[PDB]
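Take a look at the structure set out below.
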Amino acid sequence: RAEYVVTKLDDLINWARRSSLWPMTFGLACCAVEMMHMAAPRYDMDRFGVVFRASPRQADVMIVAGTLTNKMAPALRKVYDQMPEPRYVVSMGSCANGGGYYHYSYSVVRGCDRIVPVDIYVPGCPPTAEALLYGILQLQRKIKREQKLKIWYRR
Amino acid sequence: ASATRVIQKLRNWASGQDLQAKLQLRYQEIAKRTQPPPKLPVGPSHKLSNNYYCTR
Amino acid sequence: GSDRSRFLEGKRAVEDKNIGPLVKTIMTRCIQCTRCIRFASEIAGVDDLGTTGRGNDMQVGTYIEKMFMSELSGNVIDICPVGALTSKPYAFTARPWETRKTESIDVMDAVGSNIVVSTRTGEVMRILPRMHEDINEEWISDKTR
Amino acid sequence: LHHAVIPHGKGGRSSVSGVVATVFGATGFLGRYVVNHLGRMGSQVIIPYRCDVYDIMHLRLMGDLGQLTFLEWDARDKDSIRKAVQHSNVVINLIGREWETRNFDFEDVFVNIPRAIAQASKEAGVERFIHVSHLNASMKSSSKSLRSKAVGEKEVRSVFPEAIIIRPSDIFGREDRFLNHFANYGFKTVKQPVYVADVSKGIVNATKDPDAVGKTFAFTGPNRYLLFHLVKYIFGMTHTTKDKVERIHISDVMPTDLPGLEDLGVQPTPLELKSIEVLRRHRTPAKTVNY
Amino acid sequence: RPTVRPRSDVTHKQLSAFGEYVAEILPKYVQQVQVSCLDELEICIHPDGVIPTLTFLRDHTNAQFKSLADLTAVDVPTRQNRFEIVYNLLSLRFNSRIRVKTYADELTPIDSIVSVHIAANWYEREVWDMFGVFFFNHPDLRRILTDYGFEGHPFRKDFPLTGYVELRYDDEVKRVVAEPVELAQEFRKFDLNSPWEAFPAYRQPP
Amino acid sequence: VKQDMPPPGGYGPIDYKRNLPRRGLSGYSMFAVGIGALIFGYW
Amino acid sequence: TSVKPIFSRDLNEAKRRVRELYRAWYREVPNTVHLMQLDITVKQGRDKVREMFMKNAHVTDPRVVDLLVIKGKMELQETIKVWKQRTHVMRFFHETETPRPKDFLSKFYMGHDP
Amino acid sequence: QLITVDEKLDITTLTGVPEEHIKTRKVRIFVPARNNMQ
Amino acid sequence: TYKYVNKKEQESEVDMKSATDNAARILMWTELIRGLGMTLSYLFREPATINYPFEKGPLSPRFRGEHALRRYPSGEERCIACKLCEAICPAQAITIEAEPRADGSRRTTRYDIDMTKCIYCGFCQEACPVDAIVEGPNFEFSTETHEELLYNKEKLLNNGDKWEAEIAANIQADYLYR
Amino acid sequence: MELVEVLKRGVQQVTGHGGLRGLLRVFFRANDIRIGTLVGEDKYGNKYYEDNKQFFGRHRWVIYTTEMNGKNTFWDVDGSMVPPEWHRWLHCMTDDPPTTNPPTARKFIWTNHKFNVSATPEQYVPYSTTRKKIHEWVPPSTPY
Amino acid sequence: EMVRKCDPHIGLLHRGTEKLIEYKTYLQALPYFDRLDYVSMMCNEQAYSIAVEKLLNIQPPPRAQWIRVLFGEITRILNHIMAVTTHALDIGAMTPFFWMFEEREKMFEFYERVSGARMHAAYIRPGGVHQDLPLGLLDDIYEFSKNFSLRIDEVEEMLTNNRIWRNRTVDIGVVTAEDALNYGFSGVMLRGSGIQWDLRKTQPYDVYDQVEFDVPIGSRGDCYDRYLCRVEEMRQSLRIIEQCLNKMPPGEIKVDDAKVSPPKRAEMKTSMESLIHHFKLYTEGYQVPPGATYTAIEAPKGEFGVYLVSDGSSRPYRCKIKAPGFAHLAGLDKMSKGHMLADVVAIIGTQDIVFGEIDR
Amino acid sequence: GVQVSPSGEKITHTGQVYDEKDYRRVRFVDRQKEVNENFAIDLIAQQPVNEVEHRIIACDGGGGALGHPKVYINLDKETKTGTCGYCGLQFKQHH
Ligand SMILES: NC(=O)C1=CN([C@@H]2O[C@H](COP(=O)(O)OP(=O)(O)OC[C@H]3O[C@@H](n4cnc5c(N)ncnc54)[C@H](OP(=O)(O)O)[C@@H]3O)[C@@H](O)[C@H]2O)C=CC1
Ligand code: SF4
Ligand code: SF4
Ligand code: SF4
Ligand code: SF4
Ligand SMILES: [Zn+2]
């Protein structure tokens with residue numbers, strides 16, 4: 001059969017995809033620090049095939065930690081159009097979601113979503129490293145569900 | 001814990017100090033959760049006399 | 001006032017009244033100030049909101065069940081500094097620091113008295129008066145309140 | 001109208017404009033800029049998708065926190081398209097493709113599917129049914145891609161009369177199928193193409209106007225270039241099927257009476273002006289005819 | 001008495017007498033040395049005599065204040081010279097601090113101190129970014145904190161909180177473009193300023 | 001009864017100062033070992 | 001009113017100090033557009049520039065003018081270098097946002113905007 | 001040194017505030033009312 | 001008390017007893033071994049990793065996380081529209097428009113949090129004079145949309161209608177304690 | 001011996017999970033073969049093993065079961081599960097699990113925990129829960 | 001090949017915090033100071049409270065002062081661990097980083113149990129401290145602190161006699177003493193060049209008066225003698241802890257006055273006056289007197305201090321934060337003169353760019 | 001256990017459902033409307049009245065440190081009863 005198998009393929013295409021993904025963890029803020037505590041032993045990233053520091057231009061995902069000013073934004077989006085185009089996005093922090101504090105300020109963007117798409121939003125002012133680590137898994141089943149060839153067969 | 005009484009001598013020879021007693025992480029005999037409920041102390045000026053706001 | 005209420009015995013209570021739909025009554029917190037009953041008797045001419053009883057047992061209000069629905073009855077809300085009696089329409093719709101107060105003028109009678117308007121997020125919640133010494137004096141009538 | 005369709009609000013991006021709409025094919029080239037000129041000014045644009053959720057991320061933005069929603073469907077299913085537009089002041093139809101598949105042809109896509117969207121829209125109390133056929137498409141054209149499309153222009157009116165129709169001329173924009181075609185490899189083929197936003201603004205401008213309640217428009221633009229002068233001009237600037245290549249040499253028109261742009265609220269941008277940005281991805285003035 | 005941050009009366013006189021020491025030695029351009037109950041010194045002066053008091057305080061044995069800490073700019077948009085510009089220093093040798101503040105309009109520039117204290121290379125510049133107060137003789141004045149296309153001077157009390165622009169990505173041009181300001185929640189200015197002065201003998205009669 | 005958390009009188013000492021234990025031999029037993037083992041090759 | 005002057009005297013000495021700045025911006029439209037790519041060719045960039053100096057001609061005070069030169073030099077000092085990007089230099093134009101009706105009649109079909 | 005001038009003392013160029021919030025923006029100066037509740 | 005971190009340079013008459021010991025600290029490398037053999041210890045130690053979804057880490061009952069509107073043990077929504085759980089909310093995150101309940105009583109028609117605001121600071125759980133709002137141990141409530149975090153009130157009850165089995169035991173160990 | 005004592009101890013680790021299916025399941029499921037004393041086994045299958053000897057972050061581990069409310073929880077395993085009585089035991093907030101000191105019924109709590117629905121249906125959508133705050137007009141259908 | 005002139009572009013994270021406080025009261029603005037030195041939270045709050053407490057004229061009680069010092073030099077331990085290791089990452093050493101960030105996560109839990117959450121602990125308020133700390137906390141610091149003087153010297157075994165460290169680090173960024181003061185480093189970056197100074201002993205404010213500790217001066221100004229200062233300052237918390245641990249007095253928290261601290265939650269609920277203050281503290285607030293201060297505190301960075309400025313309204317009037325790094329970074333382009341790239345990385349780490357201070 | 005619109009949508013504590021002619025219902029398409037079935041007004045009448053002795057008393061919400069600040073009531077109304085604005089309880093005098 002064809003359609004049955006391509007479904008069984010897409011479960012494999014999106015497996016190598018997710019089982020080893022290469023982020024571009026930004027700093028910018030307090031929110032940055034928890035990823036390092038998530039790079040730490042306790043809630044380790046590397047146990048999932050997630051690499052600690054990968055270059056941007058070979059990245060597979062973005063992780064936005066922190067506030068996002070009106071100054072940094074071009075320096076941000078310039079990166080997003082330098083990843084490849086499976087690029088998924090993760091917005092840690094109440095300051096990147098909608099600018100938790102400093103929603104109302106002027107040198108600040110009222111959400112990373114104002115500039116780039118988002119495959120997952122994550123709450124917390126300091127989102128606990130674990131509190132991300134479920135979200136990163138939520139990303140890791142946001143695409144285990146999505147099917148590229150299953151619909152291309154119908155194209 | 002499960003340190004087989006050799007690697008301890010490998011660790012210490014490879015590192016130095018006897019460090020099974022001052023190990024990295026914690027197992028036991030610490031923070032036995034749900035300590036009893038405390039009756040706090042009170043501050044001063046719960047004294048009902050010679051207690052105005054002028055002298056504070 | 002001080003920080004601590006050394007009172008530890010037990011408070012009292014008071015019955016709630018049924019004046020009318022304009023004016024709620026919480027007379028468990030009335031403080032026997034007489035700042036209302038001297039309004040009706042010297043600014044509106046009614047003489048009904050007497051003081052009943054003595055001691056803490058005293059309680060302001062009619063001895064009987066009567067409705068104080070006359071002009072200027074709503075000014076009694078601005079007067080009672082306690083929130084004992086207050087306006088039923090602005091019962092709980094808002095809270096004052098949340099207001100963005102705009103100062104403006106009465107209409108609907110040809111007096112053209114002055115007003116403080118209370119907004120909340122581009123809406124309206126209260127009508128309140130300003131102090132001009134010539135127009136009304138300090139207050140307004142219940143219609144435009 | 002009701003209470004919250006009202007266009008009370010200045011500017012855009014948190015405003016409202018009562019342009020609650022359903023653009024269908026906005027997943028590739030054209031509709032994304034449509035949603036951009038809608039979603040910026042404040043307009044609850046629905047987007048029905050039937051493709052990957054990753055192929056629609058770049059639509060998540062240009063949408064101000066609620067004004068952009070998404071949902072699933074498929075054109076070979078009655079009443080899903082109805083479900084998509086139960087709440088629709090407006091409908092837009094950008095659907096189309098430059099090649100037949102095993103499943104869909106030129107015939108099925110431009111004609112049969114708008115026919116149901118047309119009937120679907122009228123079964124609700126909709127107002128506008130902006131459709132996009134293409135210019136150069138009366139009938140009997142040398143290809144088949146266009147001779148089918150005109151039937152939809154016939155078959156809509158017999159379903160939902162008083163429907164805007166835009167039959168524009170050729171489109172150019174970044175990430176197109178037209179200029180990038182030439183870039184990545186002839187007289188009697190002359191063509192006045194039209195910048196994208198100059199199409200998009202009018203559509204966004206056409207979904208609010210009192211007029212345009214059935215009038216067939218055709219967005220063409222200035223600078224009726226000649227191909228051989230233009231194709232080398234691309235080469236001068238930068239340095240596949242039957243029914244598409246057959247559609248290239250068909251391109252020949254002159255405007256008889258049709259409304260166009262400036263009677264809609266648009267200043268058409270020529271080609272030469274915004275032409276480098278699209279050809280900048282291939283790096284290291286052409287002659288016009290009125291006729 | 002337990003909860004009153006004990007006054008420690010003595011160092012008031014040190015900073016008071018020393019407060020006099022700087023006046024009579026430097027009566028030009030010096031108005032109302034003072035001191036708060038908090039034993040911390042304040043010296044108001046005229047802008048034409050900025051440096052010669054700094055250099056007395058960077059370079060003099062009895063005022064070794066050779067370390068700068070801040071240079072702010074405080075708004076008072078009701079007087080003429082709305083911008084109170086403040087200095088504040090420190091002795092490593094005498095173990096105390098000072099405060100040397102001045103004034104300016106929106107345009108009465110102040111000659112800089114970078115020959116004296118190079119610590120103020122950037123503290124001076126934010127004031128130019130944040131209030132639009134030019135300084136003479138400052139090397140490479142330019143913006144610090146604001147975008148490279150931000151008009152205004154926002155810490156001014158005239159500039160609203162959420163300013164006059166918000167940025168975003170308009171995909172038709174592939175840029176981080178700006179258009180006017182369009183909120184979703186409308187920061188809600190409260191009237192948390194009650195009656196009842198709370199601080200008599202400390203107030204303003206009409 | 002009031003017991004928020006005062007400690008018991010004590011909690012002992014704790015090291016605070018560097019206690020790098022010099023392992024590693026003198027240095028004559030480096031060269032004389034090495035060279036004296038190198039020359040084991042050259043025989 | 002016996003004010004302190006800064007960088008110049010009564011206006012007509014400050015008007016050449018202006019021209020030192022137009023003398024730079026007029027020669028730094030072509031250098032920017034090439035070094036960092038843009039859409040404008042050269043000219044409407046120069047129209048915009050003079051369209052900013054023909055906004056501040058209403059000034060009549062030397063102190064104000066002696067100040068406005070400076071903020072132009074900063075943006076020049078930010079423009080002459082690559083400290084800006086393609087989004088900052090092309091920000092003045094107000095390309096995208098629709099210009100509102102300057103007349104009355106169309107100005108209130110949307111907006112309570114007196 | 002000094003210079004003489006008697007002019008209106010405009011600053012409106014040094015703030016941004018492009019066109020709308022300069023001209024078509026009334027301003028109310030007042031002594032706020034006594035909150036008659038208090 | 002001031003302590004020289006690095007004051008050992010003294011001409012100790014560097015002889016072949018010791019000056020070559022530095023050359024024994026050099027070409028025959030030992031300090032590098034000393035820095036290497038350390039690391040080799042740890043790979044024979046207990047890695048403190050934990051299999052998160054199957055092994056989650058330690059918290060304490062005062063953990064500031066997701067909000068929830070509690071309820072009395074006899075129905076009766078515990079929130080009463082005081083309007084100081086936004087006046088203190090520094091994020092300015094909240095709008096709690098209210099009315100009578102049609103019972104003559106006093107409750108809300110509105111309650112809100114932008115959880116992308118809401119710094120999770122803890123002012124609201126403690127400012128609430130009733131413990132009507134609290135801030136509970138959920139921290140797996142990441143969603144794919146900025147909109148699904150804008151918790152209105154029905155989520156924020158039925159959330160409070162969920163963890164009330166849990167919060168009433170953490171708070172049971174945190175009353176008489178704040 | 002020494003070494004062998006580990007293997008006299010490390011072998012029941014494999015042969016302590018019933019059969020091989022019961023063992024091999026756990027392996028790919030969580031990659032944690034550790035013999036654990038059981039205290040739980042909730043509704044819909046959460047077991048909550050325990051062993052005080054390991055360090056402070058592995059003395060309690062839960063093994064989810066398959067067949068949540070129609071989700072097939074073999075592979076797709078969350079932490080938004082673990083309903084509101086073991087969550088407080090698993091994160092080491094307390095010592096006593098909810099079998100000897102369970103929570104207190106209040107006759108309105110849910111009877112079945114719903115996990116963190118990401119983008120499925122059965123999720124949250126915002127409202128404007130304000131009763132429309134205005135009342136406009138109605139024409140009379142009586143011409144003149 | 002070689003650097004002569006470098007220029008930073010310090011603006012990429014500004015937010016308008018100094019503006020944004022002007023529209024929020026003191027209690028309503030506290031946690032912004034956790035953000036500035038985002039690594040080391042409490043010490044900011046330790047200062048902000050004092051700038052209030054000076055104006056309000058209150059010493060908080062001892063037990064709250066006492067714990068304010070304890071976390072006030074656990075936060076000292078953080079930033080060193082965050083700029084000893086990150087100064088090793090960007091130089092290259094990635095291991096001690098992970099050896100500590102289990103030792104560091106045992107150092108957040110002692111906020112999580114004490115305060116609400118892990119990191120942005122709104123625990124230190126102007127009126128002392130919000131909330132006492134629990135029973136199973138203080139038997140735990142002993143075990144931790146006992147095992148922690150090892151974890152450092154465990155590392156100092158590895159780096160501080162390491163060629164790859166020493167000649168990557170020594171003679172680098174030679175800071176002249178009298179030039180630092182012209183720039184006003186006033187933190188580690190001057191004591192690391194022999195300027196004997198520490199506010200905690202030269203201008204003591206809290207209960208530091210009886211601690212019997214030491215200041216690790218650095219001579220031979222270079223980023224290895226800064227480094228050794230940064231190490232030994234971690235050690236000489238433990239002398240401070242041991243002395244800040246074994247004599248905690250039983251007492252009160254959240255100062256006796258109900259106008260400057262919220263009252264006991266069981267006490268606002270019967271005693272009327274404690275309810276009203278609870279209703280106005282958390283709406284209006286303190287109602288400070290007008291005035292002004294310039295506080296200070298040596299955080300890991302250095303002289304963190306606040307020029308808080310007040311008015312009779314409950315809200316402040318242009319607070320300002322003294323970011324000690326803000327001056328350290330202005331000296332970036334003078335201390336990197338005659339030095340190449342790779343150490344400029346090290347310069348950043350041994351100026352402790354925890355940007356949030358730098359950014360506003 | 002809620003009441004429902006003729007369009008078929010769920011009503012809150014408050015009557016809140018959108019009219020038919022409303023584009024807002026889009027957001028519920030291929031989703032569902034979150035709602036709490038636990039109307040307080042239904043639960044609270046399902047609570048018996050506490051018929052106490054003396055005319056004046058204190059109330060609490062089950063734990064004096066644990067809810068409902070100690071307000072009092074005058075229970076002189078034999079016709080109606082007395083409530084406490086925090087809770088929704090009711091009381092009589094027994095005589
Ligand atoms: N772009 C051009 O050169 C010109 C285009 N046009 C017309 O403009 C319209 C836009 O086409 P354009 O957007 O340019 O090209 P696209 O490639 O972007 O195709 C437009 C959309 O049609 C959708 N679509 C096609 N067939 C089906 C189907 N059977 N069921 C559901 N969706 C379908 C596609 O979905 P998917 O995203 O999966 O492809 C795509 O999103 C078309 O009508 C085209 O004829 C007219 C003149 C010039
Ligand atoms: S959300 Fe909180 S922790 Fe994250 S950057 Fe903002 S203030 Fe810092
Ligand atoms: S004014 Fe108010 S408090 Fe005074 S007597 Fe009247 S009701 Fe009572
Ligand atoms: S959450 Fe608490 S403080 Fe806020 S309105 Fe409800 S009861 Fe009042
Ligand atoms: S936790 Fe703090 S920021 Fe979040 S809603 Fe409550 S008061 Fe606001
Ligand atoms: Zn009650």
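Please note that chains go A, B, ... in the order of the structure tokens, that every chain numbers its residues from 1, and that ligands are numbered from 1 in the order shown.
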- Item | 10 Å contact set for segment 16-27 of chain H, only C-alpha atoms, chain neighbours under 5 positions out, as an MDAnalysis selection string | (chainID E and resid 150:153 159 163:165) or (chainID G and resid 113:114)
As a quick test: using only C-alpha atoms and all ligand atoms, which residues lie no more than 9 Å away from ligand 5? Give them as a CSV table (one decimal) with N, CA, C and O atoms, in the first residue's frame.
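Generated file (pocket.csv):
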chain,number,residue,atom,x,y,z
A,100,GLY,N,5.9,40.7,29.3
A,100,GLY,CA,5.1,40.6,30.5
A,100,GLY,C,5.2,41.8,31.4
A,100,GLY,O,4.2,42.6,31.5
A,101,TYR,N,6.3,42.1,32.0
A,101,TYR,CA,6.7,43.5,32.3
A,101,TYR,C,7.1,44.1,31.0
A,101,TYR,O,7.5,43.5,30.0
A,125,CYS,N,7.8,34.0,34.4
A,125,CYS,CA,8.8,35.1,34.3
A,125,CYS,C,10.2,34.5,34.3
A,125,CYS,O,10.9,34.6,33.2
I,64,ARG,N,5.5,29.6,43.1
I,64,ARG,CA,4.7,30.5,42.3
I,64,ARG,C,4.6,30.0,40.9
I,64,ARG,O,5.5,30.0,40.2
I,65,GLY,N,3.4,29.6,40.5
I,65,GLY,CA,3.1,29.1,39.2
I,65,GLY,C,1.8,29.6,38.7
I,65,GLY,O,1.5,30.8,38.7
I,66,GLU,N,1.0,28.7,38.1
I,66,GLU,CA,-0.3,29.1,37.5
I,66,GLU,C,-1.3,29.5,38.5
I,66,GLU,O,-1.3,29.0,39.6
I,67,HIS,N,-2.1,30.5,38.1
I,67,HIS,CA,-3.1,31.0,39.0
I,67,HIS,C,-4.3,30.1,39.0
I,67,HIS,O,-4.4,29.1,38.2
I,85,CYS,N,-6.3,43.3,43.7
I,85,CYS,CA,-5.5,42.3,43.0
I,85,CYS,C,-5.1,42.6,41.6
I,85,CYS,O,-4.8,41.7,40.8
I,86,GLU,N,-5.3,43.9,41.2
I,86,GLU,CA,-4.7,44.4,40.0
I,86,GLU,C,-4.0,45.7,40.3
I,86,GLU,O,-3.0,46.1,39.7
I,87,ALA,N,-4.5,46.5,41.3
I,87,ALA,CA,-3.9,47.7,41.7
I,87,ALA,C,-2.5,47.5,42.2
I,87,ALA,O,-1.7,48.4,42.2
I,88,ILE,N,-2.2,46.3,42.7
I,88,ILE,CA,-0.9,45.8,43.1
I,88,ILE,C,-0.2,45.1,42.0
I,88,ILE,O,1.0,45.0,42.0
I,89,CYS,N,-0.9,44.5,41.1
I,89,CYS,CA,-0.3,43.7,40.0
I,89,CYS,C,0.6,44.6,39.2
I,89,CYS,O,0.1,45.4,38.4
I,90,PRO,N,1.9,44.5,39.3
I,90,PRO,CA,2.7,45.4,38.7
I,90,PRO,C,2.7,45.3,37.2
I,90,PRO,O,2.9,46.3,36.4
I,91,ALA,N,2.4,44.1,36.7
I,91,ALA,CA,2.2,43.9,35.2
I,91,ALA,C,1.1,44.7,34.7
I,91,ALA,O,1.0,44.8,33.5
I,92,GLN,N,0.1,45.1,35.5
I,92,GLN,CA,-1.1,45.8,35.1
I,92,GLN,C,-1.9,44.8,34.2
I,92,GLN,O,-2.3,45.2,33.1
I,93,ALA,N,-2.0,43.6,34.7
I,93,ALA,CA,-2.4,42.5,33.9
I,93,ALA,C,-3.9,42.1,33.9
I,93,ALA,O,-4.3,41.2,33.2
I,94,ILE,N,-4.7,42.9,34.7
I,94,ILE,CA,-5.9,42.3,35.2
I,94,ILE,C,-7.1,43.3,35.0
I,94,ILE,O,-6.9,44.5,35.1
I,113,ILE,N,-6.6,37.2,33.5
I,113,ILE,CA,-5.1,37.4,33.5
I,113,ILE,C,-4.6,37.2,32.1
I,113,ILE,O,-5.0,36.2,31.4
I,114,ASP,N,-3.7,38.0,31.7
I,114,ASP,CA,-2.8,37.8,30.6
I,114,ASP,C,-1.6,37.0,31.3
I,114,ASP,O,-0.8,37.6,31.9
I,115,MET,N,-1.6,35.7,31.1
I,115,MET,CA,-0.5,34.9,31.7
I,115,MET,C,0.9,35.2,31.1
I,115,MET,O,1.9,34.7,31.6
I,117,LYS,N,1.7,38.4,30.5
I,117,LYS,CA,1.9,39.3,31.6
I,117,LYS,C,1.8,38.4,32.9
I,117,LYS,O,2.0,37.2,32.7
I,118,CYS,N,1.6,38.9,34.0
I,118,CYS,CA,1.6,38.1,35.2
I,118,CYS,C,2.9,37.5,35.4
I,118,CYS,O,3.2,36.3,35.1
I,119,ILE,N,3.8,38.3,35.9
I,119,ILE,CA,5.2,37.9,36.3
I,119,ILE,C,5.3,36.8,37.3
I,119,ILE,O,6.4,36.3,37.5
I,120,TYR,N,4.2,36.4,37.9
I,120,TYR,CA,4.1,35.3,38.8
I,120,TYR,C,4.8,35.7,40.1
I,120,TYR,O,5.6,34.9,40.6
I,121,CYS,N,4.6,36.9,40.5
I,121,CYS,CA,5.3,37.5,41.5
I,121,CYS,C,4.8,37.2,42.9
I,121,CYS,O,5.6,37.2,43.9
I,122,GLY,N,3.6,36.9,43.1
I,122,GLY,CA,3.0,36.5,44.3
I,122,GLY,C,2.3,37.5,45.1
I,122,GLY,O,1.7,37.2,46.2
I,123,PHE,N,2.3,38.7,44.6
I,123,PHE,CA,1.5,39.8,45.3
I,123,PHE,C,0.0,39.5,45.4
I,123,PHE,O,-0.6,39.9,46.3
I,124,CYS,N,-0.5,38.8,44.4
I,124,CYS,CA,-2.0,38.6,44.4
I,124,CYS,C,-2.5,37.5,45.3
I,124,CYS,O,-3.5,37.7,45.9
I,125,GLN,N,-1.7,36.5,45.4
I,125,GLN,CA,-2.2,35.4,46.3
I,125,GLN,C,-2.2,35.9,47.8
I,125,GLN,O,-2.9,35.3,48.6
I,126,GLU,N,-1.3,36.8,48.1
I,126,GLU,CA,-1.2,37.3,49.5
I,126,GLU,C,-2.0,38.5,49.7
I,126,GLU,O,-2.4,38.8,50.9
I,127,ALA,N,-2.2,39.4,48.7
I,127,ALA,CA,-3.0,40.6,48.9
I,127,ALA,C,-4.5,40.2,48.9
I,127,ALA,O,-5.2,41.0,49.5
I,133,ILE,N,-7.8,34.1,45.1
I,133,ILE,CA,-6.8,33.9,44.1
I,133,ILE,C,-5.6,33.4,44.7
I,133,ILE,O,-5.2,33.8,45.8
I,134,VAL,N,-5.0,32.4,44.1
I,134,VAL,CA,-3.8,31.7,44.5
I,134,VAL,C,-3.0,31.4,43.3
I,134,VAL,O,-3.4,31.6,42.2
I,135,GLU,N,-1.8,30.8,43.5
I,135,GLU,CA,-0.8,30.6,42.5
I,135,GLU,C,-0.2,29.3,42.6
I,135,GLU,O,0.8,29.1,43.4
As a ChimeraX atom specification, could you give me every residue of chain D near chain J (at most 10 Å apart, counting only C-alpha atoms)?
/D:2-4,66
Now that the selection is made, can you save its residues with N, CA and C atoms as an mmCIF file, in the first residue's frame?
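File written: selection-v8.cif
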data_model
loop_
_atom_site.group_PDB
_atom_site.id
_atom_site.type_symbol
_atom_site.label_atom_id
_atom_site.label_comp_id
_atom_site.auth_asym_id
_atom_site.auth_seq_id
_atom_site.Cartn_x
_atom_site.Cartn_y
_atom_site.Cartn_z
ATOM 1 N N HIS D 2 -24.081 45.177 13.349
ATOM 2 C CA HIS D 2 -24.703 44.454 14.446
ATOM 3 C C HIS D 2 -24.347 45.041 15.806
ATOM 4 N N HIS D 3 -23.142 44.794 16.316
ATOM 5 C CA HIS D 3 -22.557 45.726 17.270
ATOM 6 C C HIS D 3 -21.042 45.805 17.203
ATOM 7 N N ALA D 4 -20.400 44.730 16.754
ATOM 8 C CA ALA D 4 -18.955 44.593 16.814
ATOM 9 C C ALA D 4 -18.318 44.417 15.452
ATOM 10 N N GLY D 66 -5.794 37.362 17.713
ATOM 11 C CA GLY D 66 -7.193 36.998 17.568
ATOM 12 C C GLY D 66 -7.741 37.239 16.181
#
task: Could you tell me, as number ranges by chain, which residues of chain F DSSP assigns to alpha helix (DSSP H) when given the backbone?
output: F: 28-38
Quick one: residues within 10 Å of segment 10-26 of chain C, only C-alpha atoms counted, chain neighbours fewer than 4 positions away excluded, as a VMD selection string?
(chain C and resid 30 56 to 62 64 to 69 73 to 74 76 to 77 82 to 91 142 145) or (chain L and resid 55 to 58 70 to 77 82)
message: 8 Å from ligand 1 is the threshold here; counting only C-alpha atoms and all ligand atoms, which polymer residues fall inside it? Answer as a count of residues only.
response: 41
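For chain A, the residues within 6 Å of chain I are residues 41, 42, 94, 97, 98, 100, 101, 119, 120, 121, 122, 125, 131 and 135 of chain A, with only C-alpha atoms used to measure distance.
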Extract, using only C-alpha atoms, all DNA, RNA and protein residues at most 8 Å from residue 38 of chain J, discarding same-chain residues fewer than 2 positions from it, and format them as a PyMOL selection string.
-> chain J and resi 36+40-41+47-50
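DSSP, applied to the backbone of this structure, assigns strand (DSSP E or B) to the following residues of segment 123-236 of chain D: residues 128, 129, 130, 131, 165, 166, 171, 172, 190, 191, 194, 195, 216, 217, 225 and 226 of chain D.
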